[PDB]
Amino acid sequence: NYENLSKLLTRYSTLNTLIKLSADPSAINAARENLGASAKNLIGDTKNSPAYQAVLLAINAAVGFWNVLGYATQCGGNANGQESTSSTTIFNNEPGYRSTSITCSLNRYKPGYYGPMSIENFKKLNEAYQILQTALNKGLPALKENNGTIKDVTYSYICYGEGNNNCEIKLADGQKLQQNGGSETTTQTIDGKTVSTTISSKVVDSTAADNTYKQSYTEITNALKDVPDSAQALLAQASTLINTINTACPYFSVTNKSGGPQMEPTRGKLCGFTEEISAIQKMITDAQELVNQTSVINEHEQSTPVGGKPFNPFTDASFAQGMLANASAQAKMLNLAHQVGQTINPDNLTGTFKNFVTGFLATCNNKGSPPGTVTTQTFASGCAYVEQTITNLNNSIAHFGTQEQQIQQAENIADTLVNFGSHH
Amino acid sequence: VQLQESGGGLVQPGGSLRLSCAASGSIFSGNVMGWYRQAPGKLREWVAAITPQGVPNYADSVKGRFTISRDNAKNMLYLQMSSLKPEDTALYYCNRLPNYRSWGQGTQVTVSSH
Ligand SMILES: CC(=O)N[C@H]1[C@H](O[C@H]2[C@@H](O)[C@@H](CO)O[C@@H](O[C@H]3[C@H](O)[C@@H](O)[C@@H](O)O[C@@H]3CO)[C@@H]2O)O[C@H](CO)[C@@H](O[C@@H]2O[C@@H](C)[C@@H](O)[C@@H](O)[C@@H]2O)[C@@H]1O[C@@H]1O[C@H](CO)[C@H](O)[C@H](O)[C@H]1O[C@@H]1O[C@@H](C)[C@@H](O)[C@@H](O)[C@@H]1O
């Protein structure tokens, strides 16, 4: 126990320095200036921002996960999770085997846990996949840009075979959508905003030219318009994507190519990958908590100068709480960003989870194409710039070294003032 | 979760020094590492940093003169200092980025006049 302040500051002199600054408006204002500049580094920059790189990493991990395993994931049936006697249902722009389509055509077996994924769940997954791949390709906005949108996310699937009812679409009023040439408007709520969808149906007969299936089919085209592309929005689509896999927990059996890196175990249930899916869920959760600080930083602008009569840290210090909230929010953003990297960075991983990441998720088998590109060799590899993103996260963090100090200092000056400011 | 810096002391202007930091793997593994310094009268200043692949970057106050480096096999961080000036007088500390919130003892570096 120290009786008085001189003994205390002889010892911890950096503290003496801190008190000197906390009583000096020009220092306090220079810190406030910095909080502004770093704030812009996080929530306004993109490539230079740990925060941004972390959000991108989380999303990419989720997408990558599905690129790696979705060709192997079995699926089928008819609507409402029912088995089918003879229903092939094909989803376009998916990382299928030697293909840019995944075919869901497993009959008789009952969709569910340790079974095929229902077409109902596949549809849900697919939407998120298409949205995310499109956003990734367009490029993600800086964190502050929470009012942007993707002009057009479009995808189709086709239905064929006896009794296949997956392409019958029921509407908001109740009437069935006209199977041949019909066209209509869903809306839904993504994020907190309303998004028009144009659903359109189309029948193609077996005789008709270029029908490479030689069987009469129904094609459903979904055209979404003005889809929000904020972090908060896309994280939510990732969340859907991964949770839909985890919840449906379908059966998967990979064809392990010789020479390559080796999948373990070779067949099973997708929610079996518990380490990987936890990581991906945690990453998304941390990134959401990361993007939440954006609203705390905005709510406490630090531009207005502080300072008439000489400055009095005991009474002139209302701004302090705001400053502290802001600095603490920035430091949380940084730490959460770091943490997102650490969850997946294979430098810290062991055994089967590490090999998933180095062997499969981190890799790509196209020849590098822009983000969001599905190709006929996309499957069995992440194809989502994980390794690059982990690297760019680090690079961004390393170029944040100064700012991080400034944040800490601001936080500490603010704290000192709140502290003096109490008493009253 | 440990940080230990060494390799400092008293040198002459233009002199050169090699600082070492032995870091725990919890700190070091798969992390950006970096060098920090605290001068009398002032607060901890960031000096340099290096990613796990080995890409370094430096504060404008030392660019050209200092060189950061890491030995991934042995959890070791090095700052190679050249053309030292009296302004570089400080305690030098090593940490990951973003920082583990308990710091090392540091290692004193003093530049003088001849
Ligand atoms: C089941 C189906 O897809 N039926 C189509 C039909 O297609 C023919 C064609 O593919 C030939 C060529 O080989 O094979 C037929 O089945 C064979 C079978 O394979 C044989 O082994 C043996 O049993 O004989 C039969 C043939 O006798 C296919 O059936 O083509 C017609 C004309 O285009 C489709 O009908 C049109 O579309 C529907 C929606 C209606 O609007 C009709 O008026 C149109 O003429 C026909 O589809 C089915 O049509 C009936 C009409 O009774 C129902 O309306 C039903 O739901 C339709 O099936 C749905 O839509 C089609 C496009 C497909 O995607 C199915 O998966 C889906 O359930």
# chains A, B, ... in the order shown; residues from 1 in each chain; ligands from 1
$ interface_residues --of "chain B" --to "chain A" --cutoff "8 Å" --atoms "only C-alpha atoms" --output "JSON list (two decimals) with C-alpha atoms, in the first residue's frame"
[["chain", "number", "residue", "atom", "x", "y", "z"],
["B", 29, "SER", "CA", 3.02, -18.96, -32.99],
["B", 30, "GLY", "CA", 1.10, -17.74, -36.04],
["B", 31, "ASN", "CA", 1.15, -14.16, -34.74],
["B", 32, "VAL", "CA", 2.49, -10.83, -36.00],
["B", 41, "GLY", "CA", 9.14, 11.38, -20.33],
["B", 42, "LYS", "CA", 7.09, 9.70, -23.08],
["B", 43, "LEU", "CA", 4.76, 6.79, -23.72],
["B", 44, "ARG", "CA", 5.36, 3.51, -25.44],
["B", 45, "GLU", "CA", 6.13, 4.14, -29.15],
["B", 46, "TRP", "CA", 5.78, 1.40, -31.81],
["B", 48, "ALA", "CA", 8.56, -2.21, -36.11],
["B", 49, "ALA", "CA", 6.68, -5.40, -36.80],
["B", 50, "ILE", "CA", 6.83, -8.56, -38.83],
["B", 51, "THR", "CA", 4.16, -11.03, -39.98],
["B", 52, "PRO", "CA", 4.55, -14.78, -39.67],
["B", 55, "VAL", "CA", 7.18, -9.40, -44.06],
["B", 57, "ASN", "CA", 7.45, -2.81, -41.68],
["B", 59, "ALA", "CA", 7.99, 3.43, -38.07],
["B", 97, "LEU", "CA", 0.31, -7.51, -32.40],
["B", 98, "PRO", "CA", -2.21, -6.82, -31.22]]
$ residues_near_ligand --ligand "ligand 1" --cutoff "7 Å" --atoms "only C-alpha atoms and all ligand atoms" --output "count of residues only"
19
$ residues_around --residues "residue 420 in chain A" --least-positions-apart "3" --cutoff "12 Å" --atoms "only C-alpha atoms" --output "count of residues only"
19
$ residues_around --residues "residue 3 in chain B" --least-positions-apart "4" --cutoff "10 Å" --atoms "only C-alpha atoms" --output "VMD selection string"
chain B and resid 21 to 24 27 to 28 93 to 96 100 102 to 106
$ select_by_dssp --residues "range 106-328 of chain A" --states "alpha helix (DSSP H)" --output "ChimeraX atom specification"
/A:119-138,231-248,274-298,319-328
$ write_last_selection --atoms "C-alpha atoms" --output "PDB file, in the first residue's frame"
ATOM      1  CA  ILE A 119     -34.415 -30.100 -51.235  1.00  0.00           C
ATOM      2  CA  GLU A 120     -36.101 -27.668 -48.851  1.00  0.00           C
ATOM      3  CA  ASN A 121     -32.808 -27.231 -46.900  1.00  0.00           C
ATOM      4  CA  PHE A 122     -30.749 -27.296 -50.095  1.00  0.00           C
ATOM      5  CA  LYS A 123     -32.759 -24.370 -51.460  1.00  0.00           C
ATOM      6  CA  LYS A 124     -32.073 -22.396 -48.299  1.00  0.00           C
ATOM      7  CA  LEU A 125     -28.404 -23.128 -48.407  1.00  0.00           C
ATOM      8  CA  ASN A 126     -28.154 -22.378 -52.131  1.00  0.00           C
ATOM      9  CA  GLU A 127     -29.687 -18.873 -51.771  1.00  0.00           C
ATOM     10  CA  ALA A 128     -27.045 -17.887 -49.209  1.00  0.00           C
ATOM     11  CA  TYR A 129     -24.355 -19.481 -51.303  1.00  0.00           C
ATOM     12  CA  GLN A 130     -25.368 -17.553 -54.391  1.00  0.00           C
ATOM     13  CA  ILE A 131     -25.679 -14.339 -52.508  1.00  0.00           C
ATOM     14  CA  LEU A 132     -22.304 -14.672 -50.813  1.00  0.00           C
ATOM     15  CA  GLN A 133     -20.492 -15.747 -54.024  1.00  0.00           C
ATOM     16  CA  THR A 134     -21.953 -12.809 -55.873  1.00  0.00           C
ATOM     17  CA  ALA A 135     -21.027 -10.315 -53.110  1.00  0.00           C
ATOM     18  CA  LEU A 136     -17.533 -11.789 -52.899  1.00  0.00           C
ATOM     19  CA  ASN A 137     -17.162 -11.326 -56.629  1.00  0.00           C
ATOM     20  CA  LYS A 138     -18.500  -7.785 -56.648  1.00  0.00           C
ATOM     21  CA  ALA A 231     -21.053  -7.020 -43.319  1.00  0.00           C
ATOM     22  CA  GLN A 232     -23.922  -7.466 -40.944  1.00  0.00           C
ATOM     23  CA  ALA A 233     -26.013  -8.752 -43.847  1.00  0.00           C
ATOM     24  CA  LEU A 234     -23.482 -11.050 -45.391  1.00  0.00           C
ATOM     25  CA  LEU A 235     -22.357 -12.475 -42.020  1.00  0.00           C
ATOM     26  CA  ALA A 236     -26.024 -13.440 -41.612  1.00  0.00           C
ATOM     27  CA  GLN A 237     -25.975 -15.230 -44.976  1.00  0.00           C
ATOM     28  CA  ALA A 238     -22.812 -17.057 -43.922  1.00  0.00           C
ATOM     29  CA  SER A 239     -24.513 -17.888 -40.672  1.00  0.00           C
ATOM     30  CA  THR A 240     -27.425 -19.400 -42.559  1.00  0.00           C
ATOM     31  CA  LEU A 241     -25.111 -21.254 -44.842  1.00  0.00           C
ATOM     32  CA  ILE A 242     -23.139 -23.010 -42.174  1.00  0.00           C
ATOM     33  CA  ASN A 243     -26.014 -23.547 -39.698  1.00  0.00           C
ATOM     34  CA  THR A 244     -28.175 -24.996 -42.410  1.00  0.00           C
ATOM     35  CA  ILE A 245     -25.464 -27.585 -43.074  1.00  0.00           C
ATOM     36  CA  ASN A 246     -24.925 -28.248 -39.389  1.00  0.00           C
ATOM     37  CA  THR A 247     -28.606 -28.625 -38.610  1.00  0.00           C
ATOM     38  CA  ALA A 248     -29.475 -30.847 -41.583  1.00  0.00           C
ATOM     39  CA  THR A 274     -17.293 -30.453 -35.222  1.00  0.00           C
ATOM     40  CA  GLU A 275     -14.022 -28.650 -34.824  1.00  0.00           C
ATOM     41  CA  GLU A 276     -14.357 -27.010 -38.268  1.00  0.00           C
ATOM     42  CA  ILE A 277     -18.001 -25.976 -37.934  1.00  0.00           C
ATOM     43  CA  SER A 278     -17.447 -24.621 -34.413  1.00  0.00           C
ATOM     44  CA  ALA A 279     -14.574 -22.592 -35.711  1.00  0.00           C
ATOM     45  CA  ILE A 280     -16.598 -21.278 -38.591  1.00  0.00           C
ATOM     46  CA  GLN A 281     -19.496 -20.420 -36.274  1.00  0.00           C
ATOM     47  CA  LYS A 282     -17.230 -18.700 -33.802  1.00  0.00           C
ATOM     48  CA  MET A 283     -15.555 -16.759 -36.532  1.00  0.00           C
ATOM     49  CA  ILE A 284     -18.930 -15.498 -37.733  1.00  0.00           C
ATOM     50  CA  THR A 285     -20.025 -14.696 -34.182  1.00  0.00           C
ATOM     51  CA  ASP A 286     -16.860 -12.769 -33.359  1.00  0.00           C
ATOM     52  CA  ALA A 287     -17.096 -10.912 -36.667  1.00  0.00           C
ATOM     53  CA  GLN A 288     -20.701  -9.935 -35.917  1.00  0.00           C
ATOM     54  CA  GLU A 289     -19.609  -8.616 -32.465  1.00  0.00           C
ATOM     55  CA  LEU A 290     -16.803  -6.875 -34.350  1.00  0.00           C
ATOM     56  CA  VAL A 291     -19.144  -5.117 -36.785  1.00  0.00           C
ATOM     57  CA  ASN A 292     -21.331  -4.074 -33.799  1.00  0.00           C
ATOM     58  CA  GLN A 293     -18.709  -1.759 -32.462  1.00  0.00           C
ATOM     59  CA  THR A 294     -19.122   0.297 -35.647  1.00  0.00           C
ATOM     60  CA  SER A 295     -22.273   1.788 -34.175  1.00  0.00           C
ATOM     61  CA  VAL A 296     -20.496   2.627 -30.904  1.00  0.00           C
ATOM     62  CA  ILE A 297     -17.650   4.385 -32.724  1.00  0.00           C
ATOM     63  CA  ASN A 298     -20.063   6.391 -34.929  1.00  0.00           C
ATOM     64  CA  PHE A 319     -16.383  14.037 -23.376  1.00  0.00           C
ATOM     65  CA  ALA A 320     -14.308  11.502 -21.459  1.00  0.00           C
ATOM     66  CA  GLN A 321     -16.970   8.793 -21.372  1.00  0.00           C
ATOM     67  CA  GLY A 322     -17.521   9.184 -25.105  1.00  0.00           C
ATOM     68  CA  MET A 323     -13.829   9.025 -25.796  1.00  0.00           C
ATOM     69  CA  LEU A 324     -13.399   5.934 -23.633  1.00  0.00           C
ATOM     70  CA  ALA A 325     -16.364   4.191 -25.284  1.00  0.00           C
ATOM     71  CA  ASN A 326     -14.882   4.936 -28.675  1.00  0.00           C
ATOM     72  CA  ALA A 327     -11.289   3.925 -27.896  1.00  0.00           C
ATOM     73  CA  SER A 328     -12.466   0.777 -26.127  1.00  0.00           C
TER      74      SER A 328
END
$ closest_residue --among "B:14, B:40, B:56, B:25" --to "residue 78 in chain B" --atoms "only C-alpha atoms"
B:56
$ closest_residue --among "B:19, B:73, B:84, B:68" --to "residue 107 in chain B" --atoms "only C-alpha atoms"
B:19
$ residues_around --residues "residue 85 in chain B" --least-positions-apart "5" --cutoff "10 Å" --atoms "only C-alpha atoms" --output "PyMOL selection string"
chain B and resi 11-16+110-113
$ residues_around --residues "residue 151 in chain A" --least-positions-apart "5" --cutoff "7 Å" --atoms "only C-alpha atoms" --output "list in words"
residues 225, 226 and 227 of chain A
$ write_last_selection --atoms "C-alpha atoms" --output "PDB file, in the first residue's frame"
ATOM      1  CA  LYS A 225     -32.803  -7.287 -56.849  1.00  0.00           C
ATOM      2  CA  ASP A 226     -30.915  -4.788 -54.619  1.00  0.00           C
ATOM      3  CA  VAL A 227     -29.691  -7.294 -52.110  1.00  0.00           C
TER       4      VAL A 227
END
$ select_by_dssp --residues "range 168-359 of chain A" --states "strand (DSSP E or B)" --output "JSON, numbers by chain"
{"A": [170, 176, 183, 184, 185, 186, 187, 188, 189, 190, 193, 194, 195, 196, 197, 198, 199, 200, 201, 202, 203, 204, 217, 218, 219, 220, 221, 222, 223, 224, 225, 226, 227, 228, 251, 252, 253, 267, 268, 269]}
$ write_last_selection --atoms "N, CA and C atoms" --output "tab-separated table (two decimals), in the first residue's frame"
chain	number	residue	atom	x	y	z
A	170	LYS	N	-45.60	-22.06	-54.56
A	170	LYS	CA	-46.83	-21.55	-53.97
A	170	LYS	C	-46.57	-20.07	-53.64
A	176	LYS	N	-51.01	-21.07	-57.06
A	176	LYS	CA	-49.79	-21.72	-57.56
A	176	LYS	C	-49.27	-20.93	-58.75
A	183	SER	N	-44.60	-15.56	-63.94
A	183	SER	CA	-43.64	-14.57	-63.41
A	183	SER	C	-44.26	-13.68	-62.32
A	184	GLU	N	-43.55	-13.53	-61.21
A	184	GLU	CA	-44.14	-12.99	-59.98
A	184	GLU	C	-43.07	-12.39	-59.08
A	185	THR	N	-43.52	-11.78	-57.99
A	185	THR	CA	-42.66	-11.07	-57.06
A	185	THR	C	-42.82	-11.54	-55.60
A	186	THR	N	-41.79	-12.22	-55.07
A	186	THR	CA	-41.66	-12.39	-53.62
A	186	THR	C	-41.06	-11.09	-53.09
A	187	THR	N	-41.27	-10.80	-51.81
A	187	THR	CA	-40.36	-9.92	-51.09
A	187	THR	C	-39.96	-10.70	-49.86
A	188	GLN	N	-38.83	-10.33	-49.28
A	188	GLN	CA	-38.42	-10.83	-47.98
A	188	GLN	C	-37.64	-9.77	-47.21
A	189	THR	N	-37.36	-10.05	-45.95
A	189	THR	CA	-36.57	-9.13	-45.18
A	189	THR	C	-35.16	-9.69	-45.03
A	190	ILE	N	-34.22	-9.08	-45.73
A	190	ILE	CA	-32.82	-9.32	-45.46
A	190	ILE	C	-32.27	-8.15	-44.72
A	193	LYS	N	-34.36	-4.57	-44.26
A	193	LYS	CA	-34.75	-3.91	-45.49
A	193	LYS	C	-35.45	-4.94	-46.32
A	194	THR	N	-36.18	-4.49	-47.32
A	194	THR	CA	-37.07	-5.33	-48.07
A	194	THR	C	-36.47	-5.57	-49.42
A	195	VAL	N	-36.45	-6.82	-49.85
A	195	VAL	CA	-35.77	-7.19	-51.09
A	195	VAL	C	-36.69	-7.90	-52.04
A	196	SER	N	-36.88	-7.33	-53.22
A	196	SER	CA	-37.72	-7.97	-54.23
A	196	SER	C	-37.01	-9.14	-54.85
A	197	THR	N	-37.77	-10.19	-55.08
A	197	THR	CA	-37.31	-11.38	-55.78
A	197	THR	C	-38.29	-11.60	-56.94
A	198	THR	N	-37.77	-11.91	-58.12
A	198	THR	CA	-38.63	-12.28	-59.25
A	198	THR	C	-38.53	-13.78	-59.51
A	199	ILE	N	-39.58	-14.53	-59.17
A	199	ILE	CA	-39.57	-15.96	-59.41
A	199	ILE	C	-40.25	-16.17	-60.74
A	200	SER	N	-39.65	-17.01	-61.58
A	200	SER	CA	-40.19	-17.28	-62.91
A	200	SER	C	-39.99	-18.75	-63.29
A	201	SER	N	-41.04	-19.35	-63.84
A	201	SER	CA	-41.04	-20.77	-64.20
A	201	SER	C	-41.09	-20.95	-65.70
A	202	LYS	N	-40.76	-22.14	-66.14
A	202	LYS	CA	-40.48	-22.39	-67.53
A	202	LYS	C	-40.44	-23.90	-67.74
A	203	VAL	N	-41.22	-24.42	-68.70
A	203	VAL	CA	-41.16	-25.85	-69.02
A	203	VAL	C	-40.47	-26.08	-70.34
A	204	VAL	N	-39.64	-27.12	-70.40
A	204	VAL	CA	-38.83	-27.47	-71.56
A	204	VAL	C	-39.11	-28.94	-71.84
A	217	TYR	N	-38.32	-30.99	-68.52
A	217	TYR	CA	-38.00	-30.38	-67.22
A	217	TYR	C	-38.63	-29.03	-66.97
A	218	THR	N	-38.57	-28.62	-65.71
A	218	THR	CA	-39.03	-27.34	-65.27
A	218	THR	C	-37.84	-26.58	-64.71
A	219	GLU	N	-37.61	-25.37	-65.20
A	219	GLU	CA	-36.55	-24.55	-64.70
A	219	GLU	C	-37.14	-23.39	-63.92
A	220	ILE	N	-36.69	-23.23	-62.69
A	220	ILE	CA	-37.04	-22.07	-61.89
A	220	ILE	C	-35.87	-21.12	-61.86
A	221	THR	N	-36.13	-19.88	-62.24
A	221	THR	CA	-35.12	-18.82	-62.16
A	221	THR	C	-35.50	-17.88	-61.03
A	222	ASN	N	-34.58	-17.65	-60.10
A	222	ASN	CA	-34.75	-16.64	-59.05
A	222	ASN	C	-33.87	-15.42	-59.26
A	223	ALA	N	-34.49	-14.28	-59.52
A	223	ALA	CA	-33.73	-13.03	-59.68
A	223	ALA	C	-33.98	-12.06	-58.51
A	224	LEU	N	-32.99	-11.94	-57.63
A	224	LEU	CA	-33.08	-11.03	-56.52
A	224	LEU	C	-32.55	-9.68	-56.96
A	225	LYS	N	-33.19	-8.63	-56.49
A	225	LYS	CA	-32.80	-7.29	-56.85
A	225	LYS	C	-32.48	-6.42	-55.61
A	226	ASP	N	-31.31	-5.78	-55.63
A	226	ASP	CA	-30.91	-4.79	-54.62
A	226	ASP	C	-30.77	-5.47	-53.27
A	227	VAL	N	-29.89	-6.46	-53.27
A	227	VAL	CA	-29.69	-7.29	-52.11
A	227	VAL	C	-28.69	-6.58	-51.23
A	228	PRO	N	-29.03	-6.32	-49.98
A	228	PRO	CA	-28.03	-5.64	-49.13
A	228	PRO	C	-26.69	-6.40	-49.01
A	251	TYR	N	-25.60	-36.91	-44.89
A	251	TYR	CA	-24.58	-37.89	-45.18
A	251	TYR	C	-23.67	-37.41	-46.31
A	252	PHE	N	-22.39	-37.71	-46.17
A	252	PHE	CA	-21.42	-37.36	-47.21
A	252	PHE	C	-20.43	-38.46	-47.38
A	253	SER	N	-20.04	-38.68	-48.63
A	253	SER	CA	-19.06	-39.69	-48.96
A	253	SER	C	-18.20	-39.10	-50.05
A	267	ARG	N	-16.16	-41.08	-45.16
A	267	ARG	CA	-17.62	-40.91	-45.23
A	267	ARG	C	-18.19	-40.69	-43.82
A	268	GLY	N	-19.47	-40.35	-43.71
A	268	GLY	CA	-20.07	-39.93	-42.42
A	268	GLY	C	-21.17	-38.87	-42.51
A	269	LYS	N	-21.22	-37.98	-41.53
A	269	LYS	CA	-22.27	-36.96	-41.45
A	269	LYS	C	-21.64	-35.56	-41.35
